[PDB]
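Observations on chain architecture
Listed below, chain by chain, are the residues.
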Amino acid sequence: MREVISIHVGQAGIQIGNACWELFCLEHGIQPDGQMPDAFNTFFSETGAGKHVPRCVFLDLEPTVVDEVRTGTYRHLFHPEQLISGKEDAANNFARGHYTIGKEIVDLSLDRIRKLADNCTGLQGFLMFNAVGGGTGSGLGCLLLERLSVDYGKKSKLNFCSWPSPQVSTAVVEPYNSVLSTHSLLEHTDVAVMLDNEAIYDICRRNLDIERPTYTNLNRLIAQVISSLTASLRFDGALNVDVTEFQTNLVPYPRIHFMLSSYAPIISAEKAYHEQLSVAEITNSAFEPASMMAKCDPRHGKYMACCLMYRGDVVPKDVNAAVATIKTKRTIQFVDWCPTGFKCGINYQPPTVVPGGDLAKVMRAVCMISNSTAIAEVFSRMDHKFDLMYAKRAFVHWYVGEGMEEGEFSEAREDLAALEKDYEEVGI
Amino acid sequence: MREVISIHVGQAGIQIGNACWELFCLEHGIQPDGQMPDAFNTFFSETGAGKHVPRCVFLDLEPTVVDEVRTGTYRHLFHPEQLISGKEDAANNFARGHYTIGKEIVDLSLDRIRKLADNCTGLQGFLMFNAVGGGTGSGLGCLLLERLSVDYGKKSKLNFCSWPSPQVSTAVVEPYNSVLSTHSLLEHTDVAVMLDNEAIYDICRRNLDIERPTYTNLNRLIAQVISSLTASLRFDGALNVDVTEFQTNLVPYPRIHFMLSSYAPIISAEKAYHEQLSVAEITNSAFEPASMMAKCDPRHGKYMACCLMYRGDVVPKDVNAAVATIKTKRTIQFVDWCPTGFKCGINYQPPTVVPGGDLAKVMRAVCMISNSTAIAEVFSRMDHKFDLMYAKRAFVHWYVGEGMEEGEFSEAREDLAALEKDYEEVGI
Amino acid sequence: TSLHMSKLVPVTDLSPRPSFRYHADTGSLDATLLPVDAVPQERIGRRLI
Amino acid sequence: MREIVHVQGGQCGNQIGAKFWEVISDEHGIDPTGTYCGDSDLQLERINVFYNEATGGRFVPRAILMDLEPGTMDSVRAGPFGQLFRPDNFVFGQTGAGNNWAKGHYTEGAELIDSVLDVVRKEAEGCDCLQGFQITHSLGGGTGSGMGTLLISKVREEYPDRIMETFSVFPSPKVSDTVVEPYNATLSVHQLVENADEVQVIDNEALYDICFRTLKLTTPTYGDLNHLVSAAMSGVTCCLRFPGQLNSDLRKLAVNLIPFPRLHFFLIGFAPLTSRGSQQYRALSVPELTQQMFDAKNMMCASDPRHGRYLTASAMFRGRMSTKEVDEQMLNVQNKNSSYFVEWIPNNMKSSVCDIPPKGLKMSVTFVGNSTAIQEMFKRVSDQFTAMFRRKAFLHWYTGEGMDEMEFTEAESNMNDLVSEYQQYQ
Amino acid sequence: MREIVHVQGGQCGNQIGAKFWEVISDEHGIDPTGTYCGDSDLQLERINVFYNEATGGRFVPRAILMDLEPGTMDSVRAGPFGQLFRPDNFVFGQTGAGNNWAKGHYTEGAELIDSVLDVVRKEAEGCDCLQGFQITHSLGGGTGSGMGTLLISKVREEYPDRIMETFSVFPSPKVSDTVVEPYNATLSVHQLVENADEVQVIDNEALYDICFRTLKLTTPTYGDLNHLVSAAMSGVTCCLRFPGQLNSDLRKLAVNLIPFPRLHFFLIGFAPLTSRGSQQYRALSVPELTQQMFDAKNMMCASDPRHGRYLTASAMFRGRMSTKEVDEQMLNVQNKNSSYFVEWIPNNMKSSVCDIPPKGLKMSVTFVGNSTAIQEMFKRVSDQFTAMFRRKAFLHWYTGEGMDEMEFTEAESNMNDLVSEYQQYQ
Ligand SMILES: Nc1nc2c(ncn2[C@@H]2O[C@H](COP(=O)(O)OP(=O)(O)OP(=O)(O)O)[C@@H](O)[C@H]2O)c(=O)[nH]1
Ligand SMILES: Nc1nc2c(ncn2[C@@H]2O[C@H](COP(=O)(O)OP(=O)(O)OP(=O)(O)O)[C@@H](O)[C@H]2O)c(=O)[nH]1
Ligand SMILES: Nc1nc2c(ncn2[C@@H]2O[C@H](COP(=O)(O)OP(=O)(O)O)[C@@H](O)[C@H]2O)c(=O)[nH]1
Ligand SMILES: Nc1nc2c(ncn2[C@@H]2O[C@H](COP(=O)(O)OP(=O)(O)O)[C@@H](O)[C@H]2O)c(=O)[nH]1
Ligand SMILES: [Mg+2]
Ligand SMILES: [Mg+2]
């Protein structure tokens, strides 16, 4: 009965979703045509002839990145109009994905979201993938989250942001789109998870010994994190943490809901067999201030909640003793209104490896998703990005050109300034 | 013996009857020669040793359509004297098809009504198939329904009319022909199903995703509808809905008998196996507002009595659960004076396929003949079509030149105007 | 009719598939006395010359 | 050697009664070609009740099939155990009378009751006392409620003291097919209250509810909804066909359940009913069988007896029993639940032990209970009837076949009267 | 005779009671099937205290397993000794109460609990008397404590004389997951003090201390922890289940341990416990049993009794033994150890003798003790509670569904005055 709809929006949303559904089909046994040769109803339905279709709704305004999926090997996997396309892109413009042409794709995407939710008995989360700092993953992502809240009350809407890296961006309007995105990923999102591309670049170099990773290797690390996040939801476990558990043990206030994730048996095939990847070893590497998948050192903040997702042949006494060890560690600082901050979960099914991927077979896993008063430097870093640009009205004549009110930039700035004041006062 | 006579008048009437008799011959196993290698009794007789002659009167005022059937692959299947052909057309002129040219061809056609009725015991109705948007179907459609109402005026009359289309239209005198046809469709008609043109065009857009289909593909979809109308007559069923139950549970007052069709699923080979098409999902797409074959939105109208014709492997509980979920939906608004309103019937026979057609092997299909107050605005656009042309007597010199008195325009206009007044007071 | 012809106990009896595989369960290091079990041991000491 | 003339009318009545003739044929050893198969005298001596005797040798059922559409009786004939039936008792009609009580009662079925009643006479005066006319028909269609109302009226005026049972199914509120169902019930209750002794009220939602929460059937069908009705009808007439410690026939059921003659719309039930794992896991004590009768879950009405007061209640026990626990299970349910029982009757109860259980089971109960809570059935049928009749929806195919609007106002006046005397009796 | 109704709530309660039904069934000689497999009248005569009987044997446990998530009860079913429960003795539930006391006690639990007391009621008056209810649940969890403690008040208000004997796993603060443990535990103890009779505080952390130090288990799984508690759960209900020289029911335990109306939080220790290869070396006389059950390492609650006193203690012995070897050991612990025993009560210990030992062990001891040292974690979970609750911790997921802020301060106030009540006698 348990079931999650994934909604992959944008170029980065689709390309991450290609890695996710590639890993999910290789993990539950579904071939690229749909047939396998009931631990699948969280991500797949059943047509009746042994046929399994993924439960995903792809979105883009370009047709280029989504025509790729319907012409490659995973075309008979998806239902042929799940892959929802437009004609022309918003062109890295938030107002062009919100107040203009992405208003005719929204009524067809919500058409199929309803068709993919009424054929499931009990929905527990709208997993959502976006690329905040762009045109369609920001503009259409903002309008989609507002529309999903008004139509689907409660019904916790997860999100895996692709927030721009602090010191490298590959745009200049990327300060504008991310600050304009805080009016969606703050009051419509519950599970706003912050992922920066630079941090997972550094993970690939320092751990996997890949000095030149491509975006596909970036998405393969993210897909293993989401599989371990839904691991208890699909497989049996000694301690199951479903979505309802997640928004009680990791979110203290409805506004402070921003998390950082760090998987950490992320070991290359050459270096996997020279250490035992024991439970204490993989969680000591999980709390390192370099494996965090946003560029945000937790040592200059204060942890308020941690949700660890030990997965594999992990004995609960080794979970418990490792949590005791990291509690003894002085490098991390838990906030004074938090005697216990260590929601743990155990799933017996070990993490899988894609054949020809960049990871290795590992018996254990840790997915560490935590909230801290260190993410304030992430939003305050693009605070400096915005006010350097908006000081004399850069690139605003092409946001107000298509209908954005001159001034919507300003309360996006006091929306980021509101959460800046909130993170500092929950650490005193 | 259960049987019914199918009239086909007009270019649209004959060509819809070509797809209808193609599909009825396939279902009953009767070959194009008549020789098949008691389900047949509704549509075919038992002439000779195995000659199953079909039960129809093909009538048109042109040679062109009828003789081409007489030179087609179904030449020696029909009784060739059932194919009464005219000699000159009505020329998109209701006066020609009702007063001058049609005053001779009706006498021969009604002679075959006499023989087709005396050949059979237990006649139930008349499935007349006519266009309204021109001559012939409106002219002979008027005259046949008048004289059949005085010599057979105790039996049902299922008239699957083709009303003029809202925006697209392949005639300019077409508003005149259909205003001058509600003088016969209002009282000499027991059930008047309104079928349109864009409504099968855009079912073909969104569902069959055929970019450029033809009138043959329109007629095949209509034929699958008709085979679901008279499905419990020929074949068995848990809940059988015969010809007198399509009209004792759907016609609330003697004037309100203009219903609308909705087949589901009109699905291709692509999407058939990608979905789990079942009794709940098929009626949800049947109540989709664009799935009407009328271009008539049921949302700015409201239902009075809906009839469902589940066909295939359908279990009666699943009719009940799907009817309940339709009832709990808020956008579907029924009437105060009908706490009931779901006349459900189940046929054990699965819907057939025409080989090399446009439809896939589907186990379950629902036809929906529904009566609402939304049909009123279909007549309201044609009322507006009438009075621009009749503002200064456009195209009148052929209608009055062929025998009509000029007052019939205003008499049919006020009769049609009282029809929307009736449809407005029925839903106070 | 799926029902028994006289007993009204349905005969098809179904077999709904387990949602998870429901494995890796228990079995306990203790063995029916609250003691231990006789698993293979280790030495974890010096080399015993 | 008392007889029951069983007449099944309507498509629903023909299907329900066909399931009755196979649950009483295996209960009596009758093969589909009528031949007794075993060697038990207790299974054969009271075969005169529901079967006749042929000079061929076969025990044809005393059944009269009755339906204006010649498609359902084709299904009954071609189905299993349909070769038992006499072909003369297949009165056809070829018009249909589709979902119209006016056509069933005044139009076309009027020239068919003069032929079905000849078949009734050929079965009825073939003895020296008839016990009752067990009639199964629907109240939501045309052939069922309409010509069913014709047959109940003419049988009563011919036979004034003969019983006639009515295992009639009422229209269903939650989801039902026929749109004119409130018209087909309001016009049928008026004659079902003045020419009837017993009307066992059956719905369709609670029969679905039984096979959802006692049996856990993921796949019910119309056959197994009828097999529950046939099992209930079997246990009610069990003392007429089988010996017992305390025999109680159909008239004993009538005289001990109706306070005053109009209040005769009972609730039927059957309460051994097991799940898939719960066949091995269920005890077969009398107190547990008493528990499953007095649950709203195992009621074939969806007209909850908790919302009401039991005027009188009876339970036709069957099987090898103790004659004491059959009674203080009635005494304990009347004492631990005393507010759910009418105060001006001490001993609202009957127990009746027959000694032949159904095959396979060890015991069985069939509960027939006169309750206040049939108020809810008539008041919502009145709610569906008034909503359409106030604006005369679908009225002109009842006036067109020949009626007048006062017949509708009197039909609602009788059934709005029917909720009234149940109301001061509470 | 005497009857116990066992209700298990949540993932913890269902998995700790499933091992309980494995060790009771081993004691009574019942397969995973449910047939007897021995020749012993003593092993079978007192079986109605935990098992019912259904026709052809099939001794079904009186278990009312119940949860809001369909993940852990199915794991009981698929495992060995898991088909014993009835399919309708499984109150299921979709979605789930994800670590929220309110999602089990005000919303999402109130809808289900109507069906739960139905299954309780059929397994309550299905016999003649009732000793009480054994309720295994979890305070450190949403669906465990929410409808868990709600059921405690519901079956107390329905039967306000039966013994409400509850095994609960309290959240020990030191090494345990889930952050809302202070909010679930503090809110649940408030409902647990005026509605339960014998709350047995059985922490996961102290069970790990038993496994690591006493048993020396290299990898103690969660089945290992539940095996210890199921042993103590069998040792307390022994005299309802087996004969003995001196017998002691559960109502014996409540009278002879509880001096004042609340005062009902006990500490358990079970001890034929031995190291890995130490079965060849330990004695099994009463003096070593007494020296072991009073060891602070042999507590199931890490609430060290040397940091407090013994208000009243009890030791239910099992196995063949002499009465004076019990008595002189129960007196020598009082004379030698006098500081950790309260003075205003004389003779601060009862004893009982079951003559039926557990399977294989010749002698065994369970030690239920009302100690004034349980307030150590009544302070520990309160300090964890108020550290969160001062600067407005996780509360928007405890308020928007119905609780106000005053219920939290009142729950902490009842926690505080019960701390003060234990500190009164110190
Ligand atoms: N994680 C991840 N990020 C990507 C990928 N491709 C691009 N990005 C990031 O996405 C950001 C810009 O967003 P786009 O890729 O243009 O997608 P978008 O935000 O929906 O904007 P559009 O071009 O309108 O689709 C860049 O800063 C990239 O770092 C990818 O494959 N994986
Ligand atoms: N559904 C459907 N409609 C058709 C078809 N062919 C023509 N029509 C409609 O019929 C209308 C014109 O009348 P026709 O049926 O073509 O010809 P007619 O009724 O015989 O009148 P005459 O041409 O004067 O003889 C047009 O407006 C079309 O919309 C067809 O193949 N399928
Ligand atoms: N239990 C049961 N009900 C039926 C069956 N067939 C039809 N019905 C009910 O009868 C209604 C349809 O009207 P119907 O009885 O066929 O009208 P009739 O032709 O006059 O008897 C539906 O609401 C069904 O619930 C059947 O085989 N079993
Ligand atoms: N004794 C025991 N404790 C358990 C078990 N499973 C979980 N726990 C403990 O209970 C706490 C979590 O309780 P939880 O399962 O979330 O309760 P629930 O989900 O509300 O029913 C953890 O701290 C575990 O230490 C078990 O099977 N046995
Ligand atoms: Mg793009
Ligand atoms: Mg033409």
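Each chain has its residues counted from 1 in the order its sequence is written, and this count may differ from the entry's own numbering; any residue lacking coordinates is left out. Whichever chain is written first becomes A and whichever ligand is written first becomes 1, with later ones labelled in order. In this view, a larger assembly is represented only partially, and all stated values concern the represented chains. Side-chain metrics in this entry use all non-hydrogen atoms of the structure; hydrogen atoms and water are not considered. Residues with missing side-chain atoms are left out of burial classes, side-chain pairs and their counts.

Determination of this PDB entry was carried out by cryo-EM to a resolution of 3.34 Å, according to the record.

Helix and strand counts for chain D stand at 13 helices and 10 strands. Just to be clear, the radius of gyration here is over C-alpha atoms, and the globule rule we use is 2.2 Å times residues to the power 0.38. Against the compact-globule benchmark of 22 Å for 426 residues, chain D has a radius of gyration of 21 Å, which places it among compact chains. Counting only C-alpha atoms and orienting by the principal axes, one finds that chain D spans roughly 60 × 55 × 45 Å. Helix and strand definitions here come from DSSP, where helices need a minimum of 4 consecutive H or I residues and strands a minimum of 2 consecutive E residues; each element is numbered from the N-terminal end.

The next thing to look at is the sheet that holds strand 7 (residues 263-264) of chain B. Residue and element names in this part refer to chain B. What the 4 strands build is an open sheet, ordered 7-10-8-9; its pairing is mixed. Pairing within the sheet leaves two strands with one partner each, and these edge strands are strand 7 and strand 9 (342-347). Bridge analysis of strand 8 (residues 303-312) against strand 9 gives 6 bridges, and the strand direction is parallel. Residue pairing for strand 9: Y310 is matched across the bridge by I346. It only takes one pair of heavy atoms within 4.5 Å for two residues to be counted as in contact. Throughout, an axis means a line fitted to C-alpha atoms (over the contacting stretch in the case of helices), and angles, computed between N-to-C directions, take values from 0 to 180 degrees. Against the sheet, helix 11 (residues 279-286) engages strand 7, strand 8 and strand 10 (364-372), with an angle of about 40° to strand 10. DSSP-based pairing: two strands are paired if at least 2 bridges between them are found.

Let us look at the site of ligand 4. All names here are of chain E. When at least one non-hydrogen atom of a residue lies within 4 Å of a molecule or strand, that residue is treated as near it. Of all residues adjacent to ligand 4, which total 16 residues, the nearest are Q11, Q15, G142, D177 and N226. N204 is positioned with one of its side-chain polar atoms (N or O) 3.1 Å from a nitrogen atom of ligand 4. In this description, accessible areas are obtained by the Shrake-Rupley approach with a 1.4 Å probe, and a residue is regarded as covered only by the protein chains that are shown. In isolation ligand 4 exposes 580 Å². Once the protein is present, 92% of that is buried. Elements that contribute at least two residues to the shell around ligand 4 include exactly helix 1 (10-28), helix 5 (142-158) and helix 8 (222-236). A per-class count over the shell around ligand 4 returns 2 nonpolar, 12 polar and 2 charged. Counting of polar contacts relies on pairs of N or O atoms within 3.5 Å, with two restrictions inside protein: one atom must be capable of donating a hydrogen and the other of accepting it, and residues adjacent in sequence are counted only when both atoms are side-chain atoms. In this count, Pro and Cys sit with the nonpolar residues alongside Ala, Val, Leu, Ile, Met, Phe, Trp and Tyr, while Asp, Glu, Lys and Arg are called charged and the others, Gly among them, polar.

Our focus in this paragraph is the interface of chain E and chain A. On the side of chain A, 31 residues touch chain E, which itself brings 30 residues to the contact. Secondary structure elements with two or more residues in the side of chain E that touches chain A: helix 7 (204-215), helix 12 (375-390) and helix 13 (396-399) of chain E. Looking at which element gives the most residues to the side of chain E that touches chain A, the answer is helix 12 of chain E, with 3 residues. Residues that form the side of chain E that touches chain A fall into these classes: 14 nonpolar, 13 polar and 3 charged.

Across the boundary between the two partners, chain D contributes 29 residues, which contact 35 residues of chain B. The greatest single-element share of the side of chain D that touches chain B, amounting to 3 residues, is contributed by helix 12 (residues 375-389) of chain D. Within the side of chain D that touches chain B, the residues separate by chemical class into 13 nonpolar, 10 polar and 6 charged.

As a further point, take the pairing of strand 9 (residues 349-354) of chain D. Residue and element names in this part refer to chain D. Burial here depends on accessible area, computed with a 1.4 Å probe over protein chains only, as a share of the maximum for the residue type. Under 20% is buried, over 50% is exposed, and the range in between is partly exposed. With 6 of 6 residues buried, strand 9 lies mostly within the body of the structure. The side-chain alternation of strand 9 yields two buried faces, one formed by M349, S351 and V353 and the other by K350, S352 and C354. Relative to strand 9, strand 8 (residues 310-319) runs parallel, the two sharing 6 bridges. Across the sheet, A313 pairs through a bridge with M349, a residue of strand 9. Taken together, strand 8, helix 11 (residues 325-336) and strand 9 form a β-α-β motif whose crossover is right-handed. Assignment of crossover handedness uses the view with strands pointing away from the viewer, where a clockwise path from the first strand over the helix to the second indicates a right-handed crossover.

So, about the packing of aromatic side chains. In this scheme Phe, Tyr and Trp rings, the latter by its six-membered ring, pair at centre separations within 6.5 Å, and the angle between planes marks the pair as stacked below 30 degrees, edge-to-face above 60, and tilted otherwise. The tally for this structure, following the rule as stated, stands at 101 aromatic pairs over all chains. A centroid spacing of 5.7 Å and a plane angle of 40° characterise the contact between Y176(B) and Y399(B), whose relative ring orientation is tilted. Taken together, the residues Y176(B) in helix 6 (residues 174-179) and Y399(B) in helix 14 (residues 396-399) connect sequence positions 223 residues apart. By relative accessible area, which is 1% here, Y176(B) ends up buried. Their ring planes at 85° and their centres at 5.7 Å tell us that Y398(D) and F408(D) sit as a pair that is edge-to-face. Of the two residues, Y398(D) is situated in the loop between helix 12 and helix 13 (406-421) and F408(D) in helix 13; the sequence distance between them amounts to 10 residues.

Owing to its 3.6 residues per turn, the α-helix aligns residues three or four sequence positions apart on the same side. Residues and elements named next belong to chain D. Expected span, for any helix, means 1.5 Å times one less than how many residues it has. With 15 residues, helix 12 ought to run about 21 Å at 1.5 Å a step, and its terminal C-alpha atoms sit 21 Å apart, in line with that. The buried fraction of helix 12 amounts to 12 of the 15 residues, a majority that puts the element mostly inside the structure. Listed as buried for helix 12 are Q375, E376, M377, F378, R380, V381, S382, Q384, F385, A387, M388 and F389. On the buried face of helix 12, the contacting elements are helix 6 (181-192), strand 6 (198-201), strand 7 (265-268) and helix 13.

A few words now on the environment of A232(D). Residues and elements named next belong to chain D. Turning to its location among the elements, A232 is positioned in helix 8 (residues 222-236). On the basis of relative accessibility, which here comes to 1%, the residue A232 falls in the buried class. Remark: the alpha-carbon pair of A232 and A271, spanning 39 residues in sequence, is separated by 9.2 Å. Once residues within four sequence positions are removed from consideration, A232 is found in contact with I268, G269, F270 and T366.

On to the UniProt feature "binding site: Mg(2+)" in chain A, then. Residues and elements named next belong to chain A. Listed under "binding site: Mg(2+)" in the UniProt record, and renumbered for this structure, are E62. For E62, the location among the structural elements is in the loop between strand 4 (56-59) and helix 2 (64-69). Ignoring sequence-local partners within four residues, the contact set of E62 consists of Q11, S85 and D89. UniProt positions are given in the numbering used here, feature names are shortened, and annotations may be inferred rather than shown by experiment.

Before going further, it helps to spend a moment on the site of ligand 1. All names here are of chain A. Taken together, the neighbourhood of ligand 1 is formed by 21 residues, with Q11, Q15, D89, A131 and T136 sitting nearest. Between ligand 1 and the protein, one listed contact pairs an oxygen atom with a backbone N or O atom of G137 at 2.9 Å. Here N197 contributes a side-chain N or O atom positioned 2.9 Å from an oxygen atom of ligand 1. Relative to its unbound accessible area of 620 Å², ligand 1 is 91% covered by the protein chains. Counting only elements with at least two residues in the shell around ligand 1, the list comes to helix 1 (10-28), helix 5 (136-151) and helix 8 (215-229). For the shell around ligand 1, the element with the highest residue contribution is helix 1, accounting for 5 residues. Among the residues forming the shell around ligand 1, the class breakdown is 4 nonpolar, 14 polar and 3 charged.

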